[PDB]
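Working notes, beginning with the structure itself.
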Amino acid sequence: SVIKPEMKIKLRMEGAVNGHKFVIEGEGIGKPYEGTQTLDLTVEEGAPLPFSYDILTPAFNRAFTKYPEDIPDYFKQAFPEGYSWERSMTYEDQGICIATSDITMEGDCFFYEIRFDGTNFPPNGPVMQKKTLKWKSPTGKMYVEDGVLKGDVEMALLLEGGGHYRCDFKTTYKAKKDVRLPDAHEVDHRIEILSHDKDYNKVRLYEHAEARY
């Protein structure tokens, strides 16, 4: 396989949230067959971000998923050539984000080109007021629709003061080459900011993900 037991990551995200432009770069490393990875992320333009960092973190690669032998691994099969994804993230208070990622590989490193746009977040809502704690860890669904792999997951951010704030995720995946398509299955995720500096100009971000029926 071209996917090694350890793979490096390099990424660049550009985008805007409620008009505020930014650029974030990341470098990391993970274990694709164990479903784990860590990224160090830096805000290169647009600091300090005036919105919750948490809305960005699932945009910062399902190749880092432990797949059982009897479920075809769409993501690892997609390499060396790579794959892209398109995602809508529809929050309960009418804030909306849409993001795209083009994922390539060279040697022992993945590269992501990420576009992230978000609008219509209420000025006094939990995103613009930075009242979010972390993402809950739901089970997502993977399924194929007429030869295309899709993902849906009902997400939620925990809030300061004990509440929750929901978001519907819908993703479409596109391998650059034809690969074996899996049957419908699930993916468990946990994503966590491990460390950050005061205004999240520096962020260390971890994900563990595993597929199952």
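Just so you know, all these numbers are worked out from the coordinates, no wet-lab data involved. As a convention, Cβ positions derive from the backbone with ideal geometry for all residues, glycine included, and neighbour counts pool all protein chains shown.
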Inset, instruction - Would you mind getting me the FRET efficiency between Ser1 and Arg166? Use the beta-carbon distance for r and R0 = 41 Å, nearest 0.05. - result: 0.60
Inset, instruction - Round to the nearest 0.05 the FRET efficiency obtained for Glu192 and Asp146 when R0 = 25 Å and r is the Cβ-Cβ distance. - result: 0.10
Legend entry - Spatially proximal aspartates and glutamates relative to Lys66 (Cα-Cα < 19 Å; intrachain offsets below 8 disregarded): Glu6, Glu34, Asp108, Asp152, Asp183, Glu186, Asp188, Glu192, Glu207, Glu210
Legend entry - Likely footprinting exposure, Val144, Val127, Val2, fewest C-beta neighbours within 10 Å first: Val2, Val144, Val127
Legend entry - Nearby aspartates and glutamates by direct alpha-carbon distance to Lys21 (threshold 14 angstrom, same-chain neighbours under 8 apart not counted): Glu44, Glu45, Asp117
Inset, instruction - Whole Å is fine, so just give me how far the alpha carbon centre of the stretch 1-74 lies from that of the stretch 178-213. - result: 8 Å
Legend entry - Nearby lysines by direct alpha-carbon distance to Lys134 (threshold 20 angstrom, same-chain neighbours under 8 apart not counted): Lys170, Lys198, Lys202
Legend entry - Mean ellipticity per residue at 222 nm, deg cm²/dmol - from DSSP H runs of n ≥ 4 across the chain, formula -39500 (n - 2.57): -500 deg cm²/dmol
Inset, instruction - Give, in nm to one decimal, the length gained when the segment between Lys177 and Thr104 is fully stretched (0.36 nm per residue of separation minus the Cα-Cα distance). - result: 25.0 nm
Inset, instruction - Determine, for each peptide in 36-42, 119-125, the mean count of other beta carbons within 10 angstrom over its residues, then list the peptides with the highest first. - result: 36-42, 119-125
Inset, instruction - With a point put 7 Å past each Cα toward its Cβ, work out how far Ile29 is from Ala16 in nm, to one decimal. - result: 3.8 nm
Inset, instruction - With N denoting the number of residues in the chain, provide Rg(C-alpha) divided by 2.2 N^0.38 Å, to two decimal places. - result: 0.98
